[PDB]
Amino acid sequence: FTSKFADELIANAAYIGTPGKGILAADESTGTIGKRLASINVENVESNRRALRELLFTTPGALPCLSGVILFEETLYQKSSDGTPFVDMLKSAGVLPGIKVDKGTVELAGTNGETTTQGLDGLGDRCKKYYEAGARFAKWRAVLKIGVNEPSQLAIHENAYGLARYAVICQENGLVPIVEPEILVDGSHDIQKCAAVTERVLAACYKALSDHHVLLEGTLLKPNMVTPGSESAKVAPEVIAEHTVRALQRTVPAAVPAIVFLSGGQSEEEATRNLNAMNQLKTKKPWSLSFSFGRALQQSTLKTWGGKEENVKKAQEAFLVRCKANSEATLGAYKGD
């Protein structure tokens, strides 16, 4: 398998990992963004979703910190207040538009609330329409949990091979697949457990991608950082960095151009600090270590904004703060704000 998009996939995937840049995940479904809007007393109508995404995308200074922005299908075709398609707004600034293509998760019978991710049906034709609409990368999220018997062989197998198949289809249709095998932080396991599970899961995913003949140079990885569980004592950025980078060195081929971490419920500042520490570690890292943050990029902007329009300039200043901080983190040059 050589795609006709092979050169463009390799160029775009490498571009996403440009030092100083990372990805804004703005791909929250109509429901998920509902929750976010609720959490700051705003109705979930298309009026407000458009307003919020426009706030982000027209923040002075923000787009230059961004190699990519993950959109939801609605937003991919939406225009701003002045009739500018968001995808053009992105492109003008050198930002690749991305598209969430998974159709969410379902529970696996005979497991303890483990899931598999849906979305392969008609995915080829979707990806082609998305490419035609200006998308150049894709997202698919697989979710694994840590427990006594988790993640199970079945959960791993299903999620790895679901990611691999998604990756091929993406590449056939000119979209760089972000491979996202998220290991949830939930629990009182220690960082060593997280490390072992992350190592096992990534090794399963790269084996699957090899079996599916995926062009690794035309892909991205969006893994969790290796951290203690959500109920365990927090640990310094340097400890997160050591464990995380060691896990990646053990599993992720050099052919992969960039690793764009998910924040997974870490605070805005903590996510930045952890990423920074990874870029300050003197060790073999044959991939860019960057960000693909949603909540960790938007949380404080959502709050400053609240509802209406006096707080746009203030919320845009807040958004710039986090974009700039994460950009600095990719270069290992974040000093704190």
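Note that residue numbering follows the sequence shown and begins at 1.
Look at the mean CA B-factor for 166 to 174 and for 99 to 107 in the entry; the higher one is 99 to 107.
Higher mean CA temperature factor, per the PDB entry, when comparing 257 to 265 with 193 to 201: 257 to 265. Taking the deposited Cα B-factors for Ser290, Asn274, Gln298, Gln280, the highest one is held by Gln298. Among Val214, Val185, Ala142, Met89, the highest C-alpha B-factor in the deposited entry belongs to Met89. Looking at the C-alpha B-factors along this chain, the one for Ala208 belongs to the lowest third. Ranked by C-alpha B-factor against the other modelled residues of its chain, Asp82 falls in the highest third. Among all modelled residues in its chain, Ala13 ranks in the lowest third by Cα B-factor. Ranked within its chain, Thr219 lands in the lowest third, by CA B factor from the PDB record. Per the PDB record, residue ranking by Cα B-factor puts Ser232 in the middle third of the chain.
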